[PDB]
Each structure stands twice: as C-alpha cells, then as structure tokens.
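Below is one structure, written out as structure tokens; the observations come after it.
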C-alpha cells in the first residue's frame, strides 16, 4: 500500500482564495461598551469583547474580557493593518 502526499505552496494569498468575504461583522455596542468602560474596563477591550460576543450582552462582552484579559490581541487594534 501507498499513500503519497507532500507538496509546498509557499507564500500566502491576497485575502482569501476563491469566495470573497462580504460585509457581515459585529459592532462594539456603545451601550455594552459604555457599561464595561464604566465597570472599570478598557474601551478598546470593552469593544472587542462585545464584538466578540456580537454585543449579545454586557455579561457576554465582559465574560469574553475575563477570557481575553490576559491576551495579546486584547492589545491589538480592532481596525488596523490586518496581517496573518
């Protein structure tokens, strides 16, 4: 028997191969953020959190924060020079 499997592509594509992305993203609710930013959190994060939770609820947003408090992304900007 034989499997055979090995190849190299190298370099990354520009955006996404086939099927382009569309406009459909959450927004750091001003209410959920204004609430978090009040609770004693970082707006930036308060934003991400909510967003991360589609601003499902202040609790959700925070919960995320409590799970994204000690993260590098928490520092990363929401809208910047994307790259990955």
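Springs between Cα atoms under 10 Å define the GNM used for the chain, and in it the highest mean-square fluctuation of 54, 67, 23 occurs at 23. Compared with the direct C-alpha span, the chain from residue 10 to residue 56 gains 12.6 nm at full extension, assuming 0.36 nm per residue. Evaluating kT/(6 pi eta Rh) at 37 °C and 0.692 mPa s, with the Kirkwood radius of the chain over Cα pairs in the Stokes-Einstein relation, gives 218 µm² s⁻¹. Principal-axis analysis of the Cα atoms of the chain puts helix 43-52 at an angle of about 60° to the longest axis. Segment residue 78..residue 23, full-extension length gain: 18.2 nm, with 0.36 nm per residue of separation and the alpha-carbon distance subtracted. Once the Cα atoms of helix 58-68 and of the chain are each reduced to a long axis, what angle between those two axes, in degrees from 0 to 90 to the nearest 10, is obtained? The helix 58-68 is inclined about 50 degrees to the chain.
Secondary-structure-derived ellipticity at 222 nm for the chain, considering helices only, amounts to -11000 deg cm²/dmol, per-run term -39500 (n - 2.57) for DSSP H runs with n ≥ 4.
Among 34, 50, 61, the largest mean-square fluctuation in a Gaussian network model of the chain, built with springs joining Cα atoms closer than 10 Å, belongs to 34. Over the chain, with a Gaussian network built from C-alpha contacts below 10 Å, which listed residue (20, 33, 58) shows the highest mean-square fluctuation? Of the options given, 20 has the highest mean-square fluctuation.
This ranking places 59, 22 by how few other beta-carbon atoms lie within 10 Å of each, fewest first, which gives 22, 59. Once the Cα atoms are used to define both axes, helix 30-39 deviates from the longest principal axis of the chain by about 70 degrees.
So basically every Cβ, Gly included, is an ideal-geometry build from the backbone, and we count neighbours across all protein chains shown. Every number in this text was worked out from the coordinates using simple rules, so none of it is lab data.
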